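Engineer: Dropping a structure here in structure tokens format, bear with me for questions.
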Ligand SMILES: Nc1nc2c(ncn2[C@@H]2O[C@H](COP(=O)(O)OP(=O)(O)OP(=O)(O)O)[C@@H](O)[C@H]2O)c(=O)[nH]1
Ligand SMILES: Nc1nc2c(ncn2[C@@H]2O[C@H](COP(=O)(O)OP(=O)(O)OP(=O)(O)O)[C@@H](O)[C@H]2O)c(=O)[nH]1
Ligand SMILES: Nc1nc2c(ncn2[C@@H]2O[C@H](COP(=O)(O)OP(=O)(O)O)[C@@H](O)[C@H]2O)c(=O)[nH]1
Ligand SMILES: Nc1nc2c(ncn2[C@@H]2O[C@H](COP(=O)(O)OP(=O)(O)O)[C@@H](O)[C@H]2O)c(=O)[nH]1
Ligand SMILES: [Mg+2]
Ligand SMILES: [Mg+2]
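Protein chains in written order, with the entry's author numbering: chain KL, 1 to 37, 47 to 439; chain JL, 1 to 37, 47 to 438; chain o, 159 to 227, 243 to 263; chain JK, 1 to 427; chain KK, 1 to 427.
Rendered as structure tokens:
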């Protein structure tokens with residue numbers, strides 16, 4: 001049997017999870033109380058008679074977001090001890106999330122994955138959600154992936170992670186937390202997916218046509234990306250792809266595992282009738298920079314490996330024709346040592362529209378996950394701003410007071426420094 | 001499949017377009033919401058289940074014309090992102106729509122063109138609709154025609170351009186805009202069908218017997234003319250003439266591609282009952298000196314090539330009797346080096362009639378497109394007016410400030426002057 | 159949970175009727191009959207046309223010579254038969 | 001066992017070809033479904049010359065459809081007898097020449113000749129013994145003329161010992177349907193003078209004249225043009241498909257009509273044509289065909305045979321006819337008009353009798369004429385080509401895709417070489 | 001009584017055999033429940049080759065379904081004709097291969113292959129006499145490639161006197177379903193050369209072209225693709241399941257087609273493929289069956305037969321057929337193009353006749369070709385392998401299970417040796 005454990009750290013993790021577990025109930029007919037009126050084993054465990062409990066944990070130091078789950082419409086769905094809370098928040102301090110006020114919660118956390126581990130038969134992977142901008146997402150996220158590595162070895166912990174945008178940022182101390190959390194993220198996470206808020210802001214403005222998007226509208230299409238790639242484990246298709254299929258096919262080097270993300274028909278209600286959505290058209294729109302989840306130009310880099318997950322009425326010939334059209338096109342450039350640059354995944358069930366949401370009912374959607382050499386431009390951006398604040402030694406007395414010494418920042422800087430040479434070395438022709 | 005992308009530039013371009021798509025939806029039976037209760050594949054694209062969206066973009070720097078389409082009865086017919094708007098108009102300045110303002114829209118418009126080019130299986134041509142009197146039609150029209158030559162090379166494009174009239178004008182700097190836009194029309198448009206508003210005003214006055222014709226009466230018969238030549242793509246006939254046929258039969262030299270236009274049966278409802286519409290007389294009415302849509306005198310000129318588009322119940326023998334009668338007539342003239350002048354095109358479907366329009370139901374129709382040396386007198390008046398204002402630098406400071414220097418006027422004056430010398434040498438015997 | 163596969167546009171499920179000789183079909187209902195990218199069943203719409211509109215006239219009856227088991246003109250090319258003066262009785 | 005492979009090119013070839021199998025199939029008794037429904041046993045005796053056996057009793061035409069537009073294949077298939085052809089033989093392109101000869105011959109013809117040669121090669125190997133290829137096309141156009149003439153060149157290199165039967169209509173003297181018709185015809189004629197074994201020259205206004213004077217029809221449609229060609233096209237192969245007292249096949253006509261290898265343009269007419277009111281009053285016998293056979297108003301070419309002397313003649317009489325009346329009427333037209341016949345060939349006329357007439361007609365005949373009066377048609381196209389070429393008008397549409405003015409001077413030279421040798425045999 | 005034990009491996013292998021047991025049971029007449037409903041005695045005469053008789057008239061196939069992902073056994077069970085298999089034969093694991101050849105061959109293979117051989121030796125020892133094993137897999141994946149070649153190498157050690165008929169879906173030149181296709185193929189072909197007695201190379205891109213050019217199928221699904229390969233697999237064993245005039249079983253074709261032990265890869269084609277529109281037009285005769293047999297597009301492998309010479313080819317004709325057109329057409333294909341055949345073998349091509357046709361079809365034939373033109377298929381994958389191997393791309397995953405870099409060099413060394421051997425006899 002196939003099943004994945006979803007772990008959501010921090011306020012960014014919970015709010016995506018509120019949109020995520022909103023979506024997962026729609027493909028399986030689960031009411032908010034938890035009573036179905047058997048493909049749910051990936052996310053739901055059959056408990057007692059006619060009650061399903063999600064295979065998740067909602068852990069956060071700040072109690073102000075976990076109680077909203079408790080007082081919300083999904084009170085009866087989640088187990089109460091499953092949701093983990095804390096007395097005080099990390100206040101965007103990585104040192105607090107990792108050393109001082111993080112150790113007392115992670116002991117309670119690991120007893121809760123363990124009970125979900127024994128309840129489930131054969132585990133496929135862990136789906137971890139966090140944001141590097143905050144101390145809870147960085148600090149507790151760095152701790153939790155380390156403990157899962159030493160307890161569940163060689164299990165594919167597939168991660169989705171939110172990164173700071175260049176133009177728009179919500180906290181001053183984001184570059185310090187991003188560099189520190191990435192150093193733990195290289196050696197621990199097998200597959201990580203890059204997410205950036207401002208690109209989705211452009212997506213909501215351009216494609217979905219929303220002038221003022223909110224964080225709830227962001228996570229609704231993010232949860233579609235999570236559900237589409239995991240839909241292969243839930244529902245049968247022509248060319249199914251598992252969690253173990255992604256890591257052995259999109260990770261060319263053990264430290265080059267930072268894959269981009271993109272979605273196809275991000276199309277509103279009135280736009281859907283006039284749009285002629287065909288397999289060739291949605292593949293071309295997938296590789297456009299407008300549909301990219303991260304504000305980075307893919308034209309500056311070379312696609313090392315890309316994976317396409319198709320849902321709906323996709324004949325396998327038309328996706329086979331769309332592979333040829335992209336590779337023949339000169340604008341999309343691949344690396345010289347990878348002729349077999351694509352992977353196709355076809356599932357037979359169309360995506361399920363959230364009622365009251367902004368997305369429309371669409372027959373066909375493509376989740377485009379690509380491993381490129383343009384991720385290093387994002388990491389060159391974070392490296393530059395990290396050196397600017399560290400030169401005058403700004404916002405460091407918060408961190409070194411709460412457990413850390415000075416040495417951890419330099420070693421995290423050098424470890425992240427070797428990444429942009431590694432992305433340059435893998436991109437250079439030979 | 002045969003299929004053409006018709007695009008409309010400027011205030012005159014869009015008002016032709018919705019007048020055109022009024023006729024196209026009635027011709028194929030498409031309801032205004034886009035639901036039909047394969048001839049549509051030339052202009053419409055099948056979408057999902059029973060939805061037909063036109064292969065058309067509507068671009069203008071001024072949003073006052075575009076949002077009328079978004080509000081009116083055809084709001085559900087068009088895909089919304091096909092309709093492209095702008096922040097400020099070019100405002101009758103060639104340089105504003107060509108260098109400063111139009112560069113922010115020409116990248117957006119050509120991206121939309123490529124999406125329609127990707128959706129189409131085998132492209133046949135393009136139909137541009139612009140007026141050279143205004144800045145958006147001239148400047149943004151010239152900028153978009155530059156990119157269409159480099160993107161889709163050697164591909165047919167049809168230029169339906171409304172030139173300034175000798176007497177009638179709604180613009181002052183239109184001799185500047187028409188001359189500068191013409192320099193783009195020589196080098197990039199393969200086939201350019203000339204149009205002029207004043208000659209259409211004469212047609213409605215004496216034939217359609219309406220003494221108060223507005224723009225929607227003018228653009229309805231223009232919609233009949235463009236639909237007549239493209240009707241071979243949609244319906245079979247005895248002698249089909251598609252878009253590619255117009256290049257190799259009406260363009261003798263690469264820099265001579267301005268052609269007149271005529272629509273022969275132009276009658277009212279009460280006039281149609283008494284009159285007898287016959288193929289022999291409809292060709293004489295087609296070549297009637299007042300029937301053209303461009304203010305020219307073909308007796309002054311000489312026909313270099315002619316194309317006839319016969320519609321309706323036209324047998325293939327009275328049309329050849331009609332062509333034979335024209336060549337024997339001594340009033341009309343044909344150039345000495347082209348003995349085989351005419352091109353005959355016969356279709357099998359009568360033109361549709363709009364409800365509330367001035368036209369009545371007719372069994373036969375002729376659309377005549379001719380290349381003549383009489384189109385050279387359009388530029389002679391255009392050069393005479395342009396040389397007057399450029400003699401002592403009138404209306405130049407609006408053009409100097411927004412990018413274009415003083416050198417482009419000398420190039421446009423000289424290149425159009427070479428066009429005049431091109432016209433007189435080809436008419437020489 | 160086996161969700162339904164995408165239905166065929168013309169109800170073809172296993173191509174047994176295509177590979178085997180059962181249920182022969184018309185030359186339409188195929189992908190292409192030209193070279194490529196051409197719908198066989200979807201072509202130019204056909205108007206009634208002049209030959210079918212103007213009565214029954216086809217050249218099969220004139221060539222086959224079925225009259226033994243109309244004229245456009247008689248004599249001069251101008252006039253047509255059965256159109257002349259009104260006959261007056263008494 | 002003398003099979004004919006038919007190739008139809010372009011707007012002219014497909015519309016003529018669609019009405020061609022209208023006359024072939026019902027003569028053999030074939031329904032639009034494709035089965036057999038005839039009563040006479042002689043119809044079943046020779047079908048393989050034009051049809052191939054199909055499983056289920058169906059008979060499928062031995063035809064190859066070629067074009068550059070998908071319009072005409074939709075026109076042919078929609079009409080009656082439109083489902084008889086194979087879906088495999090409907091090979092064409094999506095571009096469209098647009099009356100550009102070099103588009104059909106060099107650029108847009110290159111990617112399709114290799115495709116249409118495969119179906120020619122497949123069809124030739126299927127039949128045991130080729131009798132000839134039968135192509136119908138135009139000379140004023142660019143699709144059936146440009147790609148058609150390249151097909152004549154390709155099919156002659158592959159099979160140089162088989163007859164070539166080209167049914168080419170020519171640009172008109174009177175009116176013009178295409179503006180560039182002198183350019184395309186002179187380039188097509190230059191490609192036909194070497195490779196085509198025999199060419200039957202037709203014109204549309206010769207067909208316009210017979211249908212308005214002899215047939216006396218008020219509104220003759222576009223199918224009236226095609227039916228007169230189809231009676232001719234079946235009239236050539238009358239001795240093949242049916243038995244007869246005197247047999248004359250496609251090579252038998254070619255040897256007796258062609259004195260020198262470049263004298264292979266023929267003017268052909270059809271004998272038993274009459275109007276509705278004249279049907280009851282005519283006495284259809286052997287001599288009354290002959291006075292209408294040799295009359296120039298019944299001719300189906302632009303050239304008037306009265307101007308130039310007849311080099312060689314032919315007569316394919318169909319029906320239960322007395323040979324002595326075919327004998328004495330043949331000599332009667334020679335002595336009555338002795339100025340119209342070439343002196344250095346005694347007994348110019350060739351005759352043949354087939355005993356099976358067309359469906360419903362009692363007596364019939366077909367006249368194939370090789371005359372030196374046909375130079376006036378070639379001089380008209382050559383004069384119209386020289387007038388345009390001296391100012392290089394409409395030439396950038398031809399030279400833009402890989403042609404220079406060298407072969408335009410060559411095609412003009414071979415044109416004037418062709419009309420000079422017609423004129424010296426007139427002397 | 002010449003039994004064949006069938007094994008299906010991986011996601012592709014389970015799906016190709018799901019349509020295979022649907023076709024071969026429809027030929028023999030077994031309903032999806034399991035009973036017999038045929039109308040001929042000859043259908044039940046040879047059912048021991050693919051089915052085991054059970055109590056109550058039930059028939060169970062000699063099929064072993066193996067994979068590592070339980071999704072595909074849900075696909076074959078929920079699909080039609082999925083209840084016929086033995087529940088004890090559903091041997092597999094739960095971990096999933098993840099398209100890794102090393103995982104499919106080394107880590108989880110140790111626990112899986114112990115249980116599978118118990119099922120296979122139960123099927124082999126049950127029947128009285130073995131003919132061979134018919135396995136089906138792909139070379140681009142890891143669930144059927146690494147696991148299948150581990151099974152094939154292990155089963156040939158146990159049964160060396162029985163043949164091994166393997167069906168492989170090789171990677172495409174134009175597209176790629178998996179990123180590690182050159183890694184999976186070059187290691188799998190390194191194992192197939194010494195273990196499998198002969199291999200029949202299949203690929204989607206040749207099937208996709210067949211489904212669009214000849215079949216003219218609008219929406220070719222994987223169920224559409226599976227039937228084309230499965231129609232071959234019935235036709236290869238047609239002389240075993242049915243009596244024939246000239247019998248040719250699975251060892252008859254082995255000695256005929258294979259000159260040297262290293263050269264045992266074939267390009268395969270099923271002959272009477274017609275579209276739905278062209279069913280009535282095409283007449284099912286042997287000479288037109290031969291030209292479709294030797295058409296390059298009708299081959300179900302992407303290697304073009306025109307590039308290389310055929311060493312030895314075989315044909316499995318089925319139906320009521322006489323044996324000159326079996327022999328003369330195979331003689332005619334030699335003399336028509338002798339350059340495309342190996343000179344030092346007289347009469348390279350080969351044929352045999354079984355008088356029992358498939359259901360509802362009159363004539364049919366299955367073509368097996370061993371040509372040297374398949375070297376560019378192995379040359380391209382070797383070219384794709386050396387590009388990735390120099391940069392060591394996608395190798396830290398493969399070396400994780402315990403494959404050293406030396407084995408990748410040895411796999412590539414055999415590819416250059418095998419591609420040179422085909423070029424050795426091409427000159
Ligand atoms: N996509 C998405 N991102 C969010 C959302 N909410 C917050 N974020 C991002 O997440 C970043 C901080 O993430 P967290 O580590 O979870 O913040 P936290 O858990 O409150 O950590 P503390 O403030 O220290 O308690 C912010 O900078 C936001 O940009 C959301 O609802 N959706
Ligand atoms: N035939 C026709 N011509 C029109 C119509 N409306 C305007 N015109 C012509 O258009 C010219 C005005 O220039 P335009 O190109 O329309 O100006 P514009 O499109 O608004 O461009 P900007 O002024 O820069 O915003 C006038 O000279 C008219 O002759 C119309 O409805 N029909
Ligand atoms: N007799 C006859 N002539 C035709 C027919 N169709 C076209 N033509 C002649 O062919 C000329 C034009 O041919 P065209 O359409 O350009 O052929 P294309 O090259 O295939 O495009 C005209 O002068 C017509 O008179 C036909 O069906 N019958
Ligand atoms: N004909 C056919 N091919 C298939 C099918 N499913 C997958 N494939 C092919 O198998 C290849 C991928 O191999 P894979 O299934 O991952 O092999 P595995 O690792 O053993 O499961 C692709 O190139 C597909 O074309 C099917 O149902 N039919
Ligand atoms: Mg917080
Ligand atoms: Mg004889």
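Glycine included, each C-beta is placed from N, C-alpha and C at the ideal position.
(1) At a threshold of 7 Å, does residue 145 of chain KL count as lining ligand 5 (C-beta to nearest heavy atom)?
(2) My assumption, with CB atoms under 8 Å, is that residue 78 of chain KL sits in contact with residue 11 of chain KL. Please give the rounded CB distance.
(3) What are the boundary residues of the beta strand (DSSP E) that includes residue 339 of chain JL?
(4) Closest Cβ-Cβ distance between residue 21 of chain KL and chain KK: below 8 Å?
(5) Using 7 Å as the cut-off, classify the Cβ of residue 231 of chain KK as near or not near the heavy atoms of ligand 4, replying yes or no.
(6) Any beta carbon from chain KL within less than 8 Å of residue 159 of chain o's own beta carbon?
(7) Unbroken beta strand (DSSP E) runs of length 3 or more, entirely within the stretch 227-282 of chain JK: which are they?
(8) Residue 305 of chain KL and residue 434 of chain KL - do their beta-carbons sit closer together than 8 Å?
(9) What does DSSP give as the partner residue(s) for residue 167 of chain JK in the beta ladder?
(10) Would you check if the stretch 128-141 of chain KK and the stretch 171-185 of chain KK touch, i.e. whether three or more CB-CB distances between them fall below 8 Å?
(11) Counting only the same chain and skipping the five closest in sequence on each side, list residues whose C-beta sits under 6 Å from that of residue 348 of chain JL.
(12) In or out: residue 211 of chain JK buried (at least 16 other Cβ within 10 Å) or exposed?
(13) In terms of residues, what are the limits of the alpha helix (DSSP H) holding residue 28 of chain KL?
(14) So, at 8 Å on beta carbons, what are the nonlocal neighbours of residue 288 of chain KL in its own chain, with the 5 sequence-adjacent residues on each side left out?
(15) Please compile the residues from chain o whose C-beta is within a distance smaller than 7 Å of the C-beta of residue 280 of chain KK.
Structural biologist: Quick answer:
(1) Mapped onto the first chain, residue 145 of chain KL falls at position 136. Yes, Cβ of residue 145 of chain KL sits closer than 7 Å to a heavy atom of ligand 5.
(2) Against the first chain, residue 78 of chain KL aligns to sequence position 69. Against the first chain, residue 11 of chain KL aligns to sequence position 11. The pair is not a contact, with the Cβ atoms about 12 Å apart (cut-off 8 Å).
(3) Counting from one through the second chain, the residue named residue 339 of chain JL turns up at place 330. Here residue 339 of chain JL belongs to no beta strand (DSSP E), and DSSP marks it neither H nor E.
(4) Looking up residue 21 of chain KL in the first chain gives position 21. Chain KK contact via Cβ: absent.
(5) Within the fifth chain, residue 231 of chain KK is the residue found at index 231, counting from 1. Residue 231 of chain KK Cβ: outside cutoff for every heavy atom of ligand 4.
(6) Counting from one through the third chain, the residue named residue 159 of chain o turns up at place 1. Judged by the 8 Å Cβ criterion, residue 159 of chain o is in contact with chain KL.
(7) 265-270
(8) Residue mapping note: residue 434 of chain KL aligns to position 425 of the first chain, counting from 1. Residue mapping note: residue 305 of chain KL aligns to position 296 of the first chain, counting from 1. Against a cut-off of 8 Å, the Cβ pair of residue 305 of chain KL and residue 434 of chain KL comes out as no contact.
(9) Along the fourth chain, one-based indexing puts residue 167 of chain JK at 167. Paired residue(s): JK/136, JK/200.
(10) yes
(11) Within the second chain, the letter at position 339 stands for residue 348 of chain JL. Excluding positions up to five away in sequence, the list is empty.
(12) Residue 211 of chain JK sits at position 211 when you count from the first residue of the fourth chain. Counting Cβ neighbours within 10 Å, residue 211 of chain JK comes out buried, since at least 16 surround it.
(13) Position 28 of the first chain, counted from the start, is the residue given in the question as residue 28 of chain KL. Here the alpha helix (DSSP H) through residue 28 of chain KL covers 10-28.
(14) To locate residue 288 of chain KL, count along the first chain from 1; it is residue 279. These residues qualify, in order along the chain: 319, 323, 324, 327, 328, 330, 331, 373.
(15) By 1-based counting over the fifth chain, the position of residue 280 of chain KK is 280. Per Cβ cutoff of 7 Å: 182.
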